[PDB]
Amino acid sequence: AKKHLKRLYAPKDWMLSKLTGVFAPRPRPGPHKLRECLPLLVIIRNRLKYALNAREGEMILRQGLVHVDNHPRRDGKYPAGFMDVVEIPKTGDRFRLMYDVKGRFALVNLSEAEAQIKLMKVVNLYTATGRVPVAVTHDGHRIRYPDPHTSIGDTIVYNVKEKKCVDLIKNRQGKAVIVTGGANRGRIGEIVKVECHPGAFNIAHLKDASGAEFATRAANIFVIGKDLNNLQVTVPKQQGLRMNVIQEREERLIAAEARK
Amino acid sequence: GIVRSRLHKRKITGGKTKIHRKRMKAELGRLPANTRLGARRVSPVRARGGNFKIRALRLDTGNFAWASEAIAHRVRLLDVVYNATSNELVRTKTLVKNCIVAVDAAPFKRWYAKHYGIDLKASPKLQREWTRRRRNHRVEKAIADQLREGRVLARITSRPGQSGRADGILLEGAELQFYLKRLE
Amino acid sequence: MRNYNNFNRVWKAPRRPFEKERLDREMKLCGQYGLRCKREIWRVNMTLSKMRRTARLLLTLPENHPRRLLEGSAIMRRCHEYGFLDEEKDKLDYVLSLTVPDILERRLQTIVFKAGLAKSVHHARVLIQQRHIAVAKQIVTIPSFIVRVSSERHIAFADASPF
Amino acid sequence: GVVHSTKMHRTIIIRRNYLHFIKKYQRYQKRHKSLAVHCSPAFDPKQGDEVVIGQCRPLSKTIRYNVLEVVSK
RNA sequence: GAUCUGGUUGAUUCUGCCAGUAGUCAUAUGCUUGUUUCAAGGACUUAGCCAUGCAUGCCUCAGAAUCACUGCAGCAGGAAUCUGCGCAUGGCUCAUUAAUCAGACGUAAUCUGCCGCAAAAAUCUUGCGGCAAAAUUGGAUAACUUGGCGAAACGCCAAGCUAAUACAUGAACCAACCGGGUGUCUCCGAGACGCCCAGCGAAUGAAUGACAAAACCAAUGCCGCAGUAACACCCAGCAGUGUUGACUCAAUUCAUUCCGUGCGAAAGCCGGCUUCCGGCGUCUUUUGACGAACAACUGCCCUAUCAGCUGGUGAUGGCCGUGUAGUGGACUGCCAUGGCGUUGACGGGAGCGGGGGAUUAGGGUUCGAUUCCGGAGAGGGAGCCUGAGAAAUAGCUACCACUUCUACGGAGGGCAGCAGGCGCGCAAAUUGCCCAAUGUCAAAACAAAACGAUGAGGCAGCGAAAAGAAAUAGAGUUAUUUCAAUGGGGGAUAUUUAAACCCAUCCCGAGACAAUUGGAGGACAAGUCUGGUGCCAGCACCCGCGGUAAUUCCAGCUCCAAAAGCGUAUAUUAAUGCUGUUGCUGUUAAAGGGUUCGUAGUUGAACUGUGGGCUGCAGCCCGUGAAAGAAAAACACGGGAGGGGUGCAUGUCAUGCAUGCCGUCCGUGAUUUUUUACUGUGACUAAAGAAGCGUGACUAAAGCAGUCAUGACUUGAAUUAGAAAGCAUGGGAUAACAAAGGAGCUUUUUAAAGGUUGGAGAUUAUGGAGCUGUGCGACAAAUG
RNA sequence: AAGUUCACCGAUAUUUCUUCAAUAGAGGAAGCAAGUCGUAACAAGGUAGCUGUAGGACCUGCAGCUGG
RNA sequence: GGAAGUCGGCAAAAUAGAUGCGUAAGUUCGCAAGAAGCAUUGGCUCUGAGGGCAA
Ligand SMILES: [K+]
Ligand SMILES: [K+]
Ligand SMILES: [K+]
Ligand SMILES: [Mg+2]
Ligand SMILES: [Mg+2]
Ligand SMILES: [Mg+2]
Ligand SMILES: [Mg+2]
Ligand SMILES: [Mg+2]
Ligand SMILES: [Mg+2]
Ligand SMILES: [Mg+2]
Ligand SMILES: [Mg+2]
Ligand SMILES: [Mg+2]
Ligand SMILES: [Mg+2]
Ligand SMILES: [Mg+2]
Ligand SMILES: [Mg+2]
Ligand SMILES: [Mg+2]
Ligand SMILES: [Mg+2]
Ligand SMILES: [Mg+2]
Ligand SMILES: [Mg+2]
Ligand SMILES: [Mg+2]
Ligand SMILES: [Mg+2]
Ligand SMILES: [Mg+2]
Ligand code: NA
Ligand code: NA
Ligand code: NA
Ligand code: NA
Ligand code: NA
Ligand code: NA
Ligand code: NA
Ligand code: NA
Ligand code: NA
Ligand code: NA
Ligand code: NA
Ligand code: NA
């Protein structure tokens, strides 16, 4: 039904100025949700600064020069999302979309043999025709023969270049997770104990590396490794460590004083 | 046209609602089918989403299953004998779900003899599995009594005006005795 | 329509428009600093009021509070940068003693007068408006320019000026 | 809630009583609401008893809840 | 900044109102306005009527060209038409409406084009005259030509040509695994062979979709019962194991109809290598995402000179059905007599709802047609087609009210889209330029013969709404002459801009380029100045001036307040403890009912509790008794634990390539276990707006940028509050709800009588364990 | 394809009833703002005043109050 | 066509049974009231409801 998107109604995760135009590009249906996605036109023009306007952003995309998960995408309304690999072979830059500690979208540089895998969270399991088991991930993928020990909430390590799963990480006590929603988004913690309330939401308690304690809904956690030491994915610079605003304000004042 | 909304109904307090919006296409209804006995005649209806419904107008054939033996056969409908809503539907001979009908008993008698070797098979031959399955197996007298008469009561289990079929199941047990008392 | 630029007001007319004690006190300030109209004085009254209410709310209601360490040193940094407060004094109670003349001192028109470049406040006004004065090699034409203490020793004549 | 009337067939009326707070006067206010519930034959509640009800699909014009438990008196 | 002043008396102290005073992105009007930046703008009255013009179309290397089309040399560009997609979005308005909306939620009651990741083994076709194998399939229609009808009509007729990714038809062997039913052969029940049916999806019926100690008989496996997933050979582990809080759901097997709504390898189109290598496009099945429809947990104006409303005439519920995409009195038949209401139903009246704006010490009062979100409408009222989606209106049909052209036969219209008019009013712009930016659509990247549309949107004009910055000089000389500086203004190789504009930058130019609007008794700053008039003219928001000496009228001079602004009118906030919860009055100023009884409602007495010992440190069975017994526990689940802690065997017809060297975790059944409210934490909680972190856009109103030297700052864009309702959990002092009304109120110990056997199918006895009539030993008892 | 018959949704018109808001009218009644005829009240106001009621500026009877 | 006839609707016409719905001012609360007004009705073939005495 709806086809437009006003700029004021657009998500604040993007950085769009209210005084520049009335409209924002409406993402198409696809792998990721509208409210938790970054369209390809925003990445090319507003973040990488490769395109000065939206006319030049169409020249780059309709030539198939941008590959997402080892596949060209020529739609500027394509909804790229969490744990996605973006590669531009002409410029030789590879990125991964993650959340920083504050909660904003972050592009993390990657290298070869690391830009070949991605992590997917299982959200549903069902039996298809012929009695085959199928698992649905958080980005729309459908795996037709998962590990027999796979369960809802676990993380599957995928190989985008060759298209088979390589490993499985289970979700239970004593594991490393990253929060992907709420007020604690982008914080890397460690599962302590999960409360199970049938019919309602489940609450998970996590402790940071520094020892800070926090909680969030169980649907907002994403297992990424056995513990904080051996993570299976490169994280942004702060390593999911939230700092006090009082100290934060002080260092920037000192650093800028000596910046000149 | 016809609508299925609650805007024209009174509130539980007895008051009247002031309608301030026009009728929407999403809440429409359609006229009934009033299926009847006779030679087959159906008409398709395009429903929401592009799907199709088969509105049957006349039918005289259907699929009826013997639940005890877990079999089924295609037979011909003979008459309508009972309707719980109103006996004016029995007079008009309309076919709806859960109505009671009488179907042809000839195909079921033939399968009975071919399986259990009982006639209500020219040569016995080596085929003597009849005694193999006739043990620990009995047939109620009520079912067998009307099998030799020529017709057997059945219950319609499908919605003829929504799918265009009249499929059913044979009455047995306490359900059979319930309806045999009303019909007398 | 569909415009989201913001705007607000900066001054406020006084109640009781005919107080004798207020009328003569404002006339001393207007002629001492060379101001053009009473709207300049009423503008300073508004910013001074905003400073006081922030401190009074922050002073004792929240006690030692993360909302007191924050924007408790920011105001002092703001006050010390422009010169509205004494360096020795570093408690929020001492910002409540700020007066209108103190803020009026740290004006570009006043600073030029006390620096010896201009003989009188009215002469300083015409110099700034004539683009004969620059701060850090930048021409300034606004007599309301609040000079920061860091740029105090940077104010001089303009290179492009005949002076 | 509490059973209020059992004069129908496989249907009861329950009432919920609560206090509403008026901010201006800083005082409370007695209010109530009435719901129509379907009573299964497995239960035999009397007027004044306390019941636990759970939400289901529309079963009639007014019924949207089902009785799940009954506490004597 | 938590503030007041004048008026009732001859004076005085009160109650009480009137008047003064400040604000308003609140309008209108009058007199004035040098410069610049930023902005609202026919809502109010008439959801009144509208001439004219424009507002939605789309072609790439990649769906159909024989233009009787254009270049040159078959190539290229190709008008027009068929085909596929879109036109259900955007824009405008606020008439209706007590539901709609806000926060929070359900669909396990459902539909879903474009987009993402997936799946696919039915269907005897073709050529030849039984043999072959890369399927060389068929009919018709536009554009076009001919003849035309009509006054015209986004009006029409007939004949003749021919395309497809339009329409229709249709592919055997390559090519497997598995199952059900049945006829003739061999061995003694086993095997072989022949035949019928066995694909995705749909309807009906039947199963699966788990559980939580020995003898006897018939048939069976292995050496007589020790090993022991299951299974009569090719396969010796080719599923004994779906998900959820929960399912008649997912999925599998059997039977009948299927298919009697459906299902092509588009019988499709382009390139690169020398034949296979890619890029597109399309049908069916399934579930993510984007949506749609339905449902209701708490909140939501005034009115009693509106107290009863509904009632098989559907009102509340039940049964079987119909209809729907789906649940449902949504609807047909039958049955019962219910549902709502002084905690305000029903009726009447004014209003679209929020985020939010104004003002305010706190508590509050008031506004919200208008930029973002939701709802509704397109002159009024109905009905419908196409489509994934409409009860569509720059779609169709009919009626009513207006209205246009005509040759009188007939045919048309819908500006609450953008500009423009007429009326209406106290009240609101140009019949302008452009797709350069932001977006939408789509057969689509830009360039090359070769430029998609867009009154959405942008940007100029008009425009003292409102909001920032700022000109109308400066320094001296003896009162009257000396300097310097220039901005308005006029120009510029130029800059800006889609082109313009503005702005910035540079340069011929002064001491008329000359500021107004209200006042001068008091409130309230400022004349005892001078003429004229004489209760006349007039002033005066209130008190009050004028009757021949006017502090107030009409003028001159002087002075006062604000100043490029200043008066007047009408609404609103504050002043106002003059609506009083915080926080008002009631003897005499306004106001206690003539006196009682009484129902909803509001309010309601005390009690179940000093812990001790050695400001601290650590410990106590934390009154007294009595020392494993005594004052969440306890059975059972290997389909529970990536069966958790505390080279030698085993097999070998093995891809066995394997296998081993006391409290918790999970799920199930029994046992009695107490809420609400208040309070402390935690989770979840659109932007814009408000509070504020950083930053010299020359300052500011703003904005989120920027700063430093083939690039760095890993640049930055931090945080906070947001009614009520809902979720999890800790505490028990003050309270609430519910129940009773006080005479419906031992344990333990043995003895006695009774009523897993290899597996699968029947039969039997014993033993549990409970249940009674006995007997026995021990221990308590809050009342011998 | 046109065309018969029935059921359903139902514009429009006519008539009858309910509710809300406005409207004319000979003639009568009742208030407010700007010459004559009498003093009912204020002093014991020249009959002390006042409240309810009944009858004929007001007067009289009955019961009450002091605001005598 | 519809009282224009005539002193005057005199005389004639006109309404009409039963059942369902509906019904004004006024009032001595009994009435006014069959106020006024609107709808249905045949024939045929069927269905449902309404009882007694004998075990
Ligand atoms: K109402
Ligand atoms: K454009
Ligand atoms: K007198
Ligand atoms: Mg200069
Ligand atoms: Mg077409
Ligand atoms: Mg719209
Ligand atoms: Mg517009
Ligand atoms: Mg085949
Ligand atoms: Mg039903
Ligand atoms: Mg309101
Ligand atoms: Mg809107
Ligand atoms: Mg217009
Ligand atoms: Mg105007
Ligand atoms: Mg516009
Ligand atoms: Mg004067
Ligand atoms: Mg004075
Ligand atoms: Mg009084
Ligand atoms: Mg009248
Ligand atoms: Mg007297
Ligand atoms: Mg007549
Ligand atoms: Mg005559
Ligand atoms: Mg007569
Ligand atoms: Na200028
Ligand atoms: Na209007
Ligand atoms: Na408007
Ligand atoms: Na096709
Ligand atoms: Na509103
Ligand atoms: Na509409
Ligand atoms: Na239009
Ligand atoms: Na082009
Ligand atoms: Na401009
Ligand atoms: Na007020
Ligand atoms: Na006050
Ligand atoms: Na903001």
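Structure: see above.
A brief report on the enclosed structure follows. (Residues numbered from 1 in each chain as written, not as in the entry; some residues may be left out. Chains lettered and ligands numbered in written order. Part of a larger assembly, values for the part shown. Heavy atoms only, no water. Residues with missing side-chain atoms left out of burial classes, pairs and counts.)

Along the backbone of chain C there are seven helices and three strands. When the helices and strands of chain C are listed from N to C terminus, the series reads α-α-α-α-α-α-α-β-β-β. Taken along its principal axes, the extent of the C-alpha atoms in chain C is 55 × 50 × 40 Å. Contacts spanning at least 24 positions in sequence make up 56% of the contacts within chain C whose residues lie at least 6 apart. (Helix = DSSP H or I, 4+ residues; strand = E, 2+ residues; numbered from the N terminus. Contact = heavy atoms within 4.5 Å.)

Turning our attention to unusual backbone geometry. Of note, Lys163 of chain A is a non-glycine position whose phi angle comes to about 70°, a positive value. Even without a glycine there, the phi angle at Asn136 of chain B is positive, about 55°. Tracing the backbone through its elements, the reader meets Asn136 of chain B in the loop between α3 (130–134) and α4 (141–147).

Read across the sheet, three strands follow the order β1-β3-β2 (chain B) without closing on themselves; strand pairing throughout is mixed. The open sheet terminates on both sides in strands that have one partner only, identified here as β1 (36–37) and β2 (41–46) of chain B. (Pairing = 2+ DSSP bridges.)

With that out of the way, let us pick up the packing of aromatic side chains. All names here are of chain A. Enumeration according to the criterion identifies twelve aromatic pairs over all chains in this entry. Taken together, a centroid distance of 5.6 Å and an interplanar angle of 85° make the contact between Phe82 and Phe222 edge-to-face. Here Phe82, found in the loop between β3 (79–80) and β4 (85–88), pairs with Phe222, found in strand β16 (residues 221–225); they are 140 residues apart in sequence, far enough to count as distant. Exposure class is identical for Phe82 and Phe222. Each is buried. Aromatic ring contacts, followed pair by pair, group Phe82, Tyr99, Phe105 and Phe222 into a single cluster. (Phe/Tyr/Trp six-rings, centres within 6.5 Å; stacked < 30°, edge-to-face > 60°. Buried < 20%, exposed > 50% of the residue type's maximum accessible area, 1.4 Å probe, protein only.)

As a further point, take the interface of chain A and chain C. How big an interface is tends to be reported as the loss of accessible area on association of its parts. On the side of chain C, eight residues touch chain A, which itself brings eight residues to the contact. Taken together, the two surfaces of chain A and chain C that pack against each other cover about 730 Å², and 71% of this comes from carbon and sulfur. When the buried area of chain A at its contact with chain C is split by residue, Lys18, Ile246 and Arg249 of chain A rank highest and sum to 53% of it. Taken together, the connections running from chain A to chain C amount to zero salt bridges. For the pair chain A and chain C, the number of links is zero residue pairs in polar contact. Split into classes, the residues belonging to the side of chain A that touches chain C amount to six nonpolar, no polar and two charged. (Buried area = accessible area lost by both parts, 1.4 Å probe. Salt bridge = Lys/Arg side-chain N within 4 Å of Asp/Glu carboxyl O. Polar contact = N/O pair within 3.5 Å; in protein donor to acceptor, adjacent residues only side chain to side chain. Nonpolar A, V, L, I, M, F, W, Y, C, P; charged D, E, K, R; others polar.)

A word on a nonpolar patch on the surface. A cluster of nonpolar side chains, namely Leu8 and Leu19 of chain A together with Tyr4 of chain C, defines an oily patch on the protein surface of about 320 Å² accessible area. Inspection of the secondary structure puts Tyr4 of chain C in the segment before α1 (20–32). (Patch = residues over 30% accessible without salt bridge, like charges linked within 9 Å, V, L, I, M, F, W, Y side chains within 5 Å. Areas by Shrake-Rupley, 256 points an atom, 1.4 Å probe, with all protein chains shown as cover.)

Turning our eyes to something else, we now look at the pattern of salt bridges. Taken as a whole and assessed by the stated rule, the structure comprises 23 salt bridges over all chains. Linking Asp60 of chain B and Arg76 of chain B is a salt bridge whose minimum nitrogen-to-oxygen distance equals 3.9 Å. Separated by 16 residues along the polypeptide, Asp60 of chain B in the loop between β3 (52–59) and β4 (61–66) and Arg76 of chain B in strand β5 (residues 71–82) bring together distant segments of the chain. Overall, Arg76 of chain B belongs to the partly exposed group, its relative accessible area being 46%. Notably, a salt bridge pairs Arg25 of chain C with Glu21 of chain C, separated by 3.5 Å at the nearest N-O pair. Placement of both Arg25 of chain C and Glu21 of chain C in helix α1 is noted, with a separation of four residues, approximately one turn of the helix. For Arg25 of chain C, a relative accessible area of 41% gives the class partly exposed.

Just geometry here; none of it tells us what the structure is for.
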